[PDB]
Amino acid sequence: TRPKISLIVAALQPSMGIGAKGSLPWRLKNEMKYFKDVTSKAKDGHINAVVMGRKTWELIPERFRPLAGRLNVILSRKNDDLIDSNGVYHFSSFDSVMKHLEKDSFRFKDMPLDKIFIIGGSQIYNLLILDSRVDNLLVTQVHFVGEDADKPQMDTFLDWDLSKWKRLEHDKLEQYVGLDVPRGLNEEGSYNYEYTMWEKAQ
């Protein structure tokens, strides 16, 4: 873990639902902007990585791919740890891409890496949130404020142990992501949402 490793996720409260019928139930435009900005913000000439499971890669519309200005890592158990002509890292485990990045001195095409973001897959989230190299969680806490009868029926969840983590102050979130970040509850449609940061509670 030379660069710091964040698990970045938007989770419905209180049970941390992250998906429904194979996709994301809410469209929150500013949450999107936050995701883009945080995962993209690096020192001049540096870059961040975004690590995702194959199904999340397939959910991303093709006009976004690879996610611009970031090192794309796709995890598939059939991958052969190859980098393609677009620069995308097709690796078979998080452990194997961490070893490869390390022997590269945590550089991508001569660009130092600043942060490594785990952006996706329930499967990937729930494996890696148990990897001790994960240094923090960037959790957008999403709240449904519409009518009970129209609440999303979440079917996939972040199985995270609250007790193993400690929420940090908003100032610490902003210091880490390198950006001013809206504080408190953001509103869009039937949803309220708040940006939060958590570190290990050892």
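Residue indices: 1-based, along the sequence shown.
Across the two stretches, 8-16 and 21-29, the PDB entry reports the greater mean Cα temperature factor for 21-29. As the entry records it, the average C-alpha temperature factor is higher for 105-113, out of 86-94 and 105-113. Within the selection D135, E174, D161, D37, the deposited Cα B-factor values reach their highest point at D161. Taking the PDB entry at face value, the top CA B factor among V139, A149, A68, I47 belongs to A149.
Among all modelled residues in this chain, the alpha-carbon of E194 has a temperature factor (C-alpha) in the lowest third. Ranked against the other modelled residues of its chain, the C-alpha B-factor of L127 as given in the entry falls in the highest third.
When the modelled residues of the chain are ordered by C-alpha B-factor, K55 sits in the middle third. When the CA B factors of the chain's modelled residues are split into thirds, the value for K166 lands in the highest one.
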